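As a plain string of letters, each chain reads:
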Amino acid sequence: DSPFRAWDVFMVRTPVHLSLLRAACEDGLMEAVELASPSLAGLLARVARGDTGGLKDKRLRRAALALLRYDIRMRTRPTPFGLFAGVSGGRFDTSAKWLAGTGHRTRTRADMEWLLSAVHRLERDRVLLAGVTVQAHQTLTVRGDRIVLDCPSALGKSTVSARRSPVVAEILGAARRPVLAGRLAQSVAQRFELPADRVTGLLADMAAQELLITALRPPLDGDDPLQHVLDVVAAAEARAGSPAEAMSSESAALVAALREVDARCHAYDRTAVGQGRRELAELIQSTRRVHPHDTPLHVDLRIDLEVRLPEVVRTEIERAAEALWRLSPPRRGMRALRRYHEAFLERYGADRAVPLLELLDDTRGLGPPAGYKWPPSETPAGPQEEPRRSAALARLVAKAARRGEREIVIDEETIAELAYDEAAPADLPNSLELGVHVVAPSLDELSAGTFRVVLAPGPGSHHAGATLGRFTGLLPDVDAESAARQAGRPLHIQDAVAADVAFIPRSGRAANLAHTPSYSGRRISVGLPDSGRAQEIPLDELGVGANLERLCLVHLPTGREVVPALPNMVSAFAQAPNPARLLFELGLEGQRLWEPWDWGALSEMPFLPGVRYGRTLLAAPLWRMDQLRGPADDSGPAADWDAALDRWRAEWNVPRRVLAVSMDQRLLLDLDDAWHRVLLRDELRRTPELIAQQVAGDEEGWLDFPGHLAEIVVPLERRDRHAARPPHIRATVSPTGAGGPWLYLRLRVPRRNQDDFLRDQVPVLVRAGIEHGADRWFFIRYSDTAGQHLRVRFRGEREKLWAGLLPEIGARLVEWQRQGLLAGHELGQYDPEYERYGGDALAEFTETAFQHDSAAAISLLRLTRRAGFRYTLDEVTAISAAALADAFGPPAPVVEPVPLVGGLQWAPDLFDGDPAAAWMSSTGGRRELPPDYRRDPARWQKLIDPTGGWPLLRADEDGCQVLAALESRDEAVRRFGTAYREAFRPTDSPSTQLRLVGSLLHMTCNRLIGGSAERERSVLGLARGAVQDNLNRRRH
Amino acid sequence: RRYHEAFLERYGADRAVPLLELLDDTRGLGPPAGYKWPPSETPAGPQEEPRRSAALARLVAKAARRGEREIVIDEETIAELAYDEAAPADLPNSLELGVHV
Amino acid sequence: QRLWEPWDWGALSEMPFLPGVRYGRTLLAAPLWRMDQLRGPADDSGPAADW
Amino acid sequence: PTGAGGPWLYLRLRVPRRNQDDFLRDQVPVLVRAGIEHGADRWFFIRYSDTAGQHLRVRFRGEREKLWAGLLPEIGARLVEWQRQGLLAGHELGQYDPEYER
């Protein structure tokens, strides 16, 4: 019954004074500390052998607290770290089970930062280099005569700018897909008639600047990185002649030194927990031979533990996930691409695809969206989001306070109150991952339904399998179910191609967490070589299109959408090159995304109750620790602190045991314990925004089998798997200046002043343009980043325009500034958008319409100044709209009535003989008629009557002057409409003509009124209603 | 406040502008954001968040636990709610309070 | 001139009850009850005792 | 209060900040030589931010005819070529207010 169904399998995360130092020396914990902090391990080594150089009475107390953090961690922190905690398989079943064992196993791998230092040394070997394959970095961008790489990887070591010579360009083009470096270097030598080695040194410089990527570098596809380097050099050795000349001398020295580290890794992985302290020190100095690094190892721990949970729990979690979804923001996609999507719509419209990469380019495109770090975006972030405010949430807290309860219970009536709206099933995401604690008094009472599910602290994921990803190999059990489900993952766009994005992370910490396999059909490598394990879907084949609701990724060669996923938990925001991050966020477009429980403004309260839905704690109970900040750090007695604690503890009813939570720490503390009480003080001085959570199960007494010390990660997929959305495929492709076919002026006449400027000053400009031979002119009202202004355009011969017209114009423009008529002027580039107007063959008809409509508007505004002129601007504009609609003439024939935005079934045959009503109908929904029309339709029908020959208007002297001022522009539109029907084909999209005339209606409003979207809708409404009613009134 | 910044940026600190020319859309800065008569075309700056205070919140919570309809604040509360130490040079000339006694 | 303002509750204005604030004999802010809950029973066409 | 008439030619070149140093190294010199052979007597550049982002402003001073009928169209041809090569997004011609009082 939930819209989400959980997977059968799931992953489990779980942990395994000078006296306190001496005490824990008998704990092999000593192996864990040798791994996490060799420095602390050193100190423990010279207390076990006997206290040497006096130490430091500050350092004794400093080192003990560090050790205490590691002890507590090893026994309470589920977060898979080194030898402190690790992972295991688990399953939903009909019978609960919890078999804790002791046979824990380690997997040990080379740290990526460490391994890359060596790969670099192998990359300088020109003879080895020809043995491997090379390819062009996927994010190179061409600027002028230079090749540019934004954000190279600094891993084993800001921007790279190389000159793009013909040799350089040939190399990059031939290495578009991965190609053998030797065969590459030989071809380039031929073509350019060069030394076949001087070229190889070029490939080497390029691979060093990261303009090329050698196969030597680990693909991050899920394999062991170290083994990947070895397999590759082995491919090179066994291709030349004898594994001696294939690569130089000391390169094979480095190679052997790496195979040794490999060998000692498996050796140490044979060892048990606490027992391999000798093998570990043996692995360390081995790696140190290759290169001395602070942290050259990454260790994952497989926990010996069998966990099974009954179906009643799987159902709780599924119902919880639903709750969080219904309570989520009324948004599709990440918030980070909402303004970008609008920007995209504004610049490109909804029928154009832009090669991803050109879109991301500062110069050629939109650039990266606000906030993107790599390279940093220059686009400003929009308004910040206010922490939420809810009368509903506040009540929950207030009541819980009166009655002194630490948890409040919400039901369907509570959820119906918090929902920003009714969440539509079409918006359900493809997948997600919740990490939870499951707690109960006993395995058996659990089986019977006496348990709690507590949503764990930390971020969730938006991909089923992401969290399990980097633990691949360790749980053969779940890896095979995982790979099978992801192989058939649900998609939300019909016919979409699924793919996985793989990228090199910016930091070496995250780089160690990116060894994660791809199970979609495809992989998009960004800043990494292709992988042998996955068919590459090349970045440069990708485009971005848009509709009113979402952006969308398109594989340009085939016209199918792509739905990329990021199958690990590396943070795209913090760690990913921009294109990679864009791929990630685009994949989540069109999906409404769940978020943790949001307390909003209420987060300031000193205590927040846990929130329960059925058996699930959506949010744990919560204690701020502000009051304790001052009593912490006061250089005073241990009881001077303890008192403030007890005072705080009793004032808000804080339990004896708390979880101390920040971004970096979960910290299980017993506040009865004297050591834990000082640890909390140090931690608070250190992390000021720290909070306290009630431990899972404590509130129900259950803290006396270990569900609160274990995290369960359970993936869930949309139950109804079918893709709700059709693709949006209209994939497409695509410069003049101060030279001059066009003179394009920006006149900074503020809006209030514009009508007068148009009546009096623009005529002067038009007269000047004419006597200098300008053949076309027009004006529009425009608003840019600098406000509202007028833009006037002239077309003519370059010399006459720039040496004759421009200085006459400029002198007048300077006079007008002194008289205070405009603040200033600029000259800008004109990019004519004939595609909105039927294409380049129709351009002359478009320019003409624009010229004559411009002249008409000036005429009308000039009538409108006169005292006594009967008609308002809205009237003459309505008159002008209807007159244009009449003038365009009959539509092109239709195949099917067109689905219109208003629900109207737009159909040419409905409007035989009445082109005015035809076109005015495409302009709005019948209900969107303005008030002023509905309260008085008898008037507007009588006034705005083009089909009837404009009888009432021709009575009035003023009404006549209105129609005369529109003749020439009616003529122009008539011709345009004619040549337009002439060039029609029944094949053409029905949308072209509806958008064209609509554009023509919009510009008539722009020239006359507007600088107001509502005003345009009213004025168009008036005309729409009037001509529609005149048509209906005829035959009744 | 943004008007004051706009001014320094365009005119500097060694120049007076006839009031009215300053207010003119074309010749000056125009009216400041929000002015109704005539309406300014200047965009308003970032909107101000309703304040959030751990200090304000404790007072509400404490009052709630103990069911009290009043909370009593002293100098220690004021030292905590003050955004800063107000300078005597910043004292206003005058003000008017309406009260019930 | 630094300009005085009324007592500002800020985001906390959503709370169903706000206690009055007393600074030795002066009530800087009166106590305050929101009436969200009473909105639905209002306009409900029912008996005078139902309200 | 001066304008498109022309003691000053004032260019706004929409080159994003990350790209500017390269543009100043390679492209601005081309513009400066063009200004010289058309008899411009002074030139300078500044980095500026207006409402449409970070850009470069390049200014030339010279005789009106040489500036607007000679230099400007040569400059312009270069400006569109460079735009095609992805070096700048666009250009405008703006008014110059020398702030000599400062």
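Before reading further, recall that the structure is shown in the block above.
Let me sum up the structure you'll find in this document. (Residues numbered from 1 in each chain as written, not as in the entry; some residues may be left out. Chains lettered and ligands numbered in written order. Part of a larger assembly, values for the part shown. Heavy atoms only, no water.)

### Overview of the overall build of chain D
- When its secondary structure is counted, chain D shows 3 helices and 4 strands.
- Helices (α) and strands (β) of chain D occur, in sequence order from the N terminus, as β-α-α-β-β-α-β.
- Against the globule reference of 13 Å for 102 residues, chain D gives a C-alpha radius of gyration of 13 Å, in line with a compact fold.
- Oriented by its inertia axes, the alpha-carbon framework of chain D measures out at about 35 × 30 × 20 Å.
- The proportion of buried residues among the 102 residues of chain D is 50%.
- Residue pairs in contact within chain D that sit at least 24 positions apart in sequence constitute 72% of those at least 6 positions apart.
- Accessible area for chain D stands at about 5000 Å²; split by element, carbon and sulfur atoms hold 47% of it.
- Mean positive and mean negative side-chain charge positions of chain D (16 and 14 charges, respectively) differ by 3 Å. (Helix = DSSP H or I, 4+ residues; strand = E, 2+ residues; numbered from the N terminus. Rg over C-alpha atoms; globule rule 2.2 N^0.38 Å. Buried < 20%, exposed > 50% of the residue type's maximum accessible area, 1.4 Å probe, protein only. Contact = heavy atoms within 4.5 Å. Areas by Shrake-Rupley, 256 points an atom, 1.4 Å probe, with all protein chains shown as cover. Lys, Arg positive; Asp, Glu negative; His and termini not counted. Charge placed at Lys NZ, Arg CZ, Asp CG, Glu CD.)

### Quick word on the interface of chain D and chain A
- Of the residues lining the interface, 34 residues belong to chain D; the matching set on chain A comes to 35 residues.
- The contact between chain D and chain A buries some 2800 Å² in all, and 53% of this surface belongs to carbon and sulfur atoms.
- For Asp362 of chain A, the salt bridge identified is with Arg18 of chain D, shortest N-O distance 2.6 Å.
- Run the count over chain D and chain A and you get 14 residue pairs in polar contact.
- Those elements giving two or more residues to the side of chain D that touches chain A turn out to be α1 (17–26), α3 (64–84) and β4 (91–93) of chain D.
- Each residue belonging to the side of chain D that touches chain A can be placed in one class, and the counts come to 13 nonpolar, 14 polar and 7 charged. (Buried area = accessible area lost by both parts, 1.4 Å probe. Salt bridge = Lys/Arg side-chain N within 4 Å of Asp/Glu carboxyl O. Polar contact = N/O pair within 3.5 Å; in protein donor to acceptor, adjacent residues only side chain to side chain. Nonpolar A, V, L, I, M, F, W, Y, C, P; charged D, E, K, R; others polar.)

### Let's talk about the packing of aromatic side chains
- All chains considered together, the criterion is met by 27 aromatic pairs over all chains.
- Measuring from centroid to centroid gives 5.4 Å for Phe778 of chain A and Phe850 of chain A, while their planes differ by 65°, and the two rings are edge-to-face. Here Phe778 of chain A is found in strand β33 (residues 776–784), whereas its partner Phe850 of chain A is found in helix α27 (residues 843–865), with 72 residues between them in sequence.
- Among the aromatic residues, those joined into a ring-pair cluster are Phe845, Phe888, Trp906, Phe911, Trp919, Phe976 and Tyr980 of chain A.
- The ring centre of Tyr83 of chain B lies 4.1 Å from the NZ or CZ of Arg51 of chain B, which sits over that ring. (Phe/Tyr/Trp six-rings, centres within 6.5 Å; stacked < 30°, edge-to-face > 60°. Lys NZ or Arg CZ within 6 Å of the ring centre and 35° of its normal.)

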